[PDB]
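Every chain is named by a letter (A, B, C, D, E, F, G and H) in the order it is written, and numbering of its residues begins at 1.
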């Protein structure tokens, strides 16, 4: 089970860091870690794919990294417009697609 | 010629050892058979000590080389039967049965 | 504009059955693997089931394995989930999503357009 | 398998193939422990164990020495250059002493160990210890007082087995300057290729496909030599990663459409022939002849080769007779009579002076083919004949259709000058 | 051999070649009896016999897994496609249980049994028993009580001889996906190729010819895997049939005809270069470079590849200066300085800036060649030099002729636009 | 290594390479004494020695049976024709009994002897006696009374070691009609190749270079079979002579310069791509993709393949935008999105519908590339992407420059007709 | 898998005995199968008569090879024993028994046995 | 290269003896190197104690195998001898000794011996 800190918070313009703690059928096995942003009562938005890649139309202030068994999403310039549920995602060799427990950012 | 003892006598719960002695046995497998009275024979060991399915785990045989000895522990009235060892001849072009051995359970 | 636009939701009684239909538009549907992803209310996202580009392969979560069935039709452009024997713990919004896998480092599928979903309630 | 004959341009599209297309590479790096042979000596005159040992020493010293528009040609060029440069970029990382020691350390006790290079790429290492194991345990015990004409010749002939894998690898790198063209059984056993697929980060479906098509995995992949490190030979195998799979693919094929439109001929040939695939959101064209091959209903291709071509380009199949897309063609006064053995039916071109027929193994000549283009299905005939040649048709079963339309060579007047042109758009030519 | 040098177009025709031309395929199907290895066990730890046995088992399981205008590219394409499709069509017959059992039944008595498939094609069955014979009669006698580390090591080293043929066949079908490119010595021994010829339905004179050129028979033919049946591996060998024989053939070769006709150059090269032959009373052109090769006076082209070309096309040799045939050429402002080594004389093209000379071993430079096309016979020189390059001429004796006429690049005004063209008729270009 | 991006033509020149260029062939002729096997008989049933002897006899009988504009195609043609013709010319001498006896006589006492043929060419001869030595001494001492199942199996298995070289030579000449494609280790050992280099008349610096790059010497060279003489098999090995060395060389590479000049496109590609080297007193262009290849800073190319091109041809690099040289290009309405991996940077062509990006291992997408032609240096990025495809860039350190200038496809208007052309001078096309 | 025999139970002295044994669930033609006939007099040891294998090679007991002859009937799933000159001493039960060895083919055990047909003379 | 030792020169009975040997100018982890310990009282003949090789595999003198253990320290070019309980007989000079054999690795001659450390009990 890909798992996260259940909640995080920061002041406007602080960094906040979300860590997708990770397991070795699903992050250590090589499957690169993806991140989705979901505003309340909306469908998710892809913010990061591969381990770090950023799609067109992101405000260009989000970044990610994978370490050998874990990943992190660093949020910077944090606005209230970013206050959202953030679930990372990967592929588990046994369980197929696995979505994280979804840290909520708070501002 | 596979020599066997003509009969062995045992009481229930003993262990019956039937020796099979034959010049080929350093070089050929000695398979084993059991014949209950008036029944069709059944095979007990299908190599020197390999055992078929359903044949009980208490059937096994001890030795490879100049004599192969087949041993039944907990030997009991259901084991009262005539036991045949058999092997090939040197050429593999024949099957040679032993003389049999009457296990008597008393 | 790509949109995935699910219909065929609402209430189902326990042990009842319903067909979701992620109708697809604005993209070359045959080209993309598709997935169903569900969200129990307030809870975390769960990937439901997977269908390859031409129905050649499929995969299911154990919650869905044996019970549901993902299918697709590449004439028209529609994605279906036949949910036999829905349980109360299945009460969720089900999204579909278009899936994409840049297979350079690994086949780690990511979902680049998500549907609006509908609230399968049991 | 399904096929359509486009009468309007003497061409066929065969559709309905699934796809397997190489999106990436999985590196598998082998530590084959040769052991420190370089100072092993036989003090005993010419002998079996000596000459194996001397071949083994020589092979090691030898291996220390070695180290790393017409769409078809360009596609071939980029496909090889990108593939080797992908592997060299990995080689550049793992050749570093920090990485060699890291790889060797995780291999210290387990003959498979996953690791992440300092340059961030992830690699499965494996250890081919069996040569060092035989040398150190088996062979060193049997040799005494540096004697090697020992009478237990089983040691010698078994040595001439355990070193076969090493020696064949020194061959395959030497003959290919450190970059082998395919993964020999000596670089990576079928057992180890199965392990490598089972350990690679892909879906169990693709694993089952790759376990079913192991020869494809072996054919598309290739080996690179890292080097001898401390009497150990380090080499890396790149297996293909097929991150786009079972998408639609089709092969377009054609033969000269001609007609006697003025008593003199005019002809046309589609130049866009070969494999096209839907590559997750655009069509890709694979013009290089080495790119694609079919096992079963799959076509296996390499996405580095593929010239990405607009989705509109399929309109050359539907209506080259009217499309605004610049369908690449050749034309001129050059009637050629030939057959193109498209998998569900032979195309035929049958023009002046050349008698044409179709036949069966039983019935003899079914028919004398007319002048013009023709499409003989796998069920119309078993053989087609042109001049006096015999061409055996394919016997694959599958649906066929004809799209009707008076061929372009017959429905347009050719441009009076220049009437011969190579690889032009039709707009330039009719 | 006789050669004509055409001043008209800086080109040669070498006449006099006789012909051998592959019209058909004769299929030889081999039953290599591997025997039921799939269950043989060694209960005796690592051993020479055991590793040969485990290689033999593994090879069998591995083999069970594997199963089956610019005229040059199209000629290559149709030649390979027709060859493999001809073989696969025969495989489709002989793979059926009705045919496998029939073939195996007649092979029970004699290791050759001529037989006719249900699909009507006739076949020479043959059996390679020597591995099954060893395993069943020799090896099985040795392997007492499943012990395989027997001390009579002769058995193990001789087992490693008998299985060489089998293991090489599993290799060659694996690496070629069931369709080998050539008939290796492992697929069909020289003895069995001689038996296959002497049994094939052809003239005794061609049987002698093929016995005298067995390397040609072996090179053009190829093998197909049918499969393992009942622990026996079935494969078919397609020997060539040379129906058309000793008809006339000629090779046409050219170098750039140019002249400084306006101070700037204009150039012409014939594009129709290569082998031509008479086939059944039509001329056939063999453009694909893999098609033809010459052993002595014969050329061994393959009639599947050959594009039929009108008999009038030879008029490009007689008088391209006048012919109404559309002789395919390239032209432009691209003076290339080069030699083309025709069998009986080098063509030599020598333009601006590049000094050209001819020489001999005894006497050095004989002459400094003029500007323009020059034809240097095998008897005029031993070497020709272009700038500092040295080209050694052929030393073949034969008859050579000049045919006079001011070269086309000098006797026609080049078209002002488009002055460069690729592969066009002369009518378009001068 | 230094590279210049020619923005004006979406092309690079990589300068700074040095040259090794084959000006001649040095021939090494091997007398491999097989010994008079043809009448050796075993009277002792199937045996290891007997089947080795029968293979040795059969290999000998088998070997006795066998004896021997688009610049790219013609350059490959002349290069191969010149090589084999240069070697056959030597064969035509050394095959004569006057020469065979002279060579064999000087080889009598010493396993190397220099000699000058009656045809004046000098040659180094060498004798591979080891098989005849084993047969005539070791083996014959053991074969008592024609018996061959002797128990001293060391003899039999060591016999199966000595004959390995001979049997592989018969294989390689058989499969290649006496003209092998490359000098196998079986034709000429690394020791014998090093000896041949040390004996050949060249500078000691080049002797060291050839000792350092033996894989080039081995793979550019090739073997020719002379024949069996009196149970001795005679074959000649030709080593390269690198009479032009360390001169300047550069590789020119290009990708489509397209521009949206009218919303409809026009495109251009340079056709002169590939290797150029400054042979003494004239630039030479080496268009055949097979010939040139690179190790380190060197490039290795056959001078027989080289088209001697005017020194003015470098003006296509300086300014094709202004040069009067007929710089060969292709042009037309055929946008292609591709990368061409130059040694010090990717050329990147990125047109309609296709999104392009560059990445790094630590950083993800660095930048979305613009429409047009872009030159991503080895230090700008690690990866470049074209649609979903990933291309690894080279990581070679070197100097790069940009030569600024608005690309020709943007600065000239395309000719309205014919707007497609293949391999034309720019004068014809813009 | 089954073996069934049908006699005849009585043969006159000096005549020729013949016995069919019939089988199902396998074929004699698949590799490593055989059937054999093994004799046993009343209250006496077993005695192998002959064996026919998947190649129809027949191995005859050296004591009786002159008189015993056992062969497959080609069209049908039965073996017939035949043996000349029935003596009274031949009076015995006759069993067909099936050997199936896929490993090295050397050391034949019989792993299925008929009910056995009593022959009287 | 030289091997240097530093005691302690006195250890009581019912104490674990330990000795360092330090070394320089050769890696322990280059192939066919070992370090070893060997022991000799005055008037007395020499006993090999243990050896550790370039793979850190270790070999113990069988009579002392109940009481000795030797290992290379990971941190630095030093080895420590350990042996569980001194007895008066263990009063001896101790030497570490280098052996370096790149050929066939069987017959371990030493070639360099330490400066030597006295131990008294």
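We adopt the following convention: contacts are C-beta pairs under 8 Å (C-beta built on N, C-alpha and C of every residue); 3 or more make two chains touch, one makes a residue touch a chain.
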With a step meaning a move to a chain it touches, how many steps does the shortest path from subunit E to subunit H take? 2
Name the chain pair with more contacting C-beta pairs, choosing from B-G and B-E. B-G
Just give me the whole-number Å value for how far the CA centre of subunit A lies from that of subunit F. 52
Where subunit B and subunit F are represented by their mean Cα positions, the distance between them in whole Å: 73
Taking the mean of the C-alpha atoms as each chain's centre, how many Å separate subunit D from subunit G? 58
Rounded Å distance between subunit B and subunit C, as computed from the means of their C-alpha atoms: 65
Sequence positions of subunit B contacting 2 or more other chains: 28-29, 92
Multi-chain contacts in subunit G, i.e. residues touching at least two other chains, fall at 105-107
Hey, what residues on subunit C touch two or more of the other chains? 59, 102, 104-108
Report the residues of subunit E in contact with subunit D in the complex, numbered from low to high. 23-24, 48, 51, 58, 62, 65-66, 69-71, 74, 77-78, 81-82, 85-86, 88-89, 92, 119-121, 153, 156-157, 171, 174-175, 177, 279-280, 282, 284, 303-304, 306-308, 310, 326, 328, 418, 421-425, 428
Listed in rising order, subunit B residues that touch subunit E in their complex are 27-29, 64, 92
Across the complex, what residues on subunit H touch subunit D? 31-32, 102-107
Help me check something: in the complex, which residues belonging to subunit D touch subunit A? 114, 116, 122, 200-201, 203-204
Please give the residue numbers of subunit D that touch subunit H in the complex, ascending. 36, 38-41, 136, 140, 143-146, 230-231
